[PDB]
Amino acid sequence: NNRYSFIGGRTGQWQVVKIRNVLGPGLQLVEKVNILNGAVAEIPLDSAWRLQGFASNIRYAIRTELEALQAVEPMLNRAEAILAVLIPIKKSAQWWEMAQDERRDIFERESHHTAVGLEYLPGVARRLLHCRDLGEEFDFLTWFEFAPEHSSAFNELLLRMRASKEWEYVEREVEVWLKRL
């Protein structure tokens, strides 16, 4: 099953350390996040929000980029990776109306998204989930996990991505920092 749900509330595998409402409407602070592999039609007991998305095919990365990523990218669920950050992202209408070449040019040629992110591997593991096509309020759910030794580096990455051309099209962003229970 390629669908994942993230329920903010009183139960889950992850304790919420903090929520930073970076851009646009925020997410209610809660005690924990519960992650479920599957859709979840009915709101859990004592929960404040649910986010959902699916794992999908590659949309931008070219073969040589995939080869570079595969050589260094870590797996999820490393024993040392006790911190995580869930970052829902929405991009503007102006982005989604662009053609494929226009988007790829902004994403890599101008913003160097993959080349910058590679600078943070193997420390940071990640998962990308898509949800615009489900009708959700965000377009992406992005997930990152790492040992505490990489927290400073991860915060620098965030600032570097926010300085990029690609980020001129980001309309909503929240950071949910988590610690593994």
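In this text, residue numbers run from 1 along the sequence as written.
As stated in the PDB record, which stretch has the larger average Cα B-factor, 102-110 or 85-93?
Mean C-alpha B-factor is greater for 102-110.
Please compare 63-71 with 130-138 and say which has the higher mean C-alpha temperature factor in the record.
That would be 63-71.
Can you tell me which of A125, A147, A39, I58 has the maximum CA B-factor listed in the PDB entry?
That would be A39.
Sort the modelled residues of this chain by their C-alpha B factor and say whether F54 lands in the lowest, middle or highest third.
CA B-factor rank for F54: lowest third.
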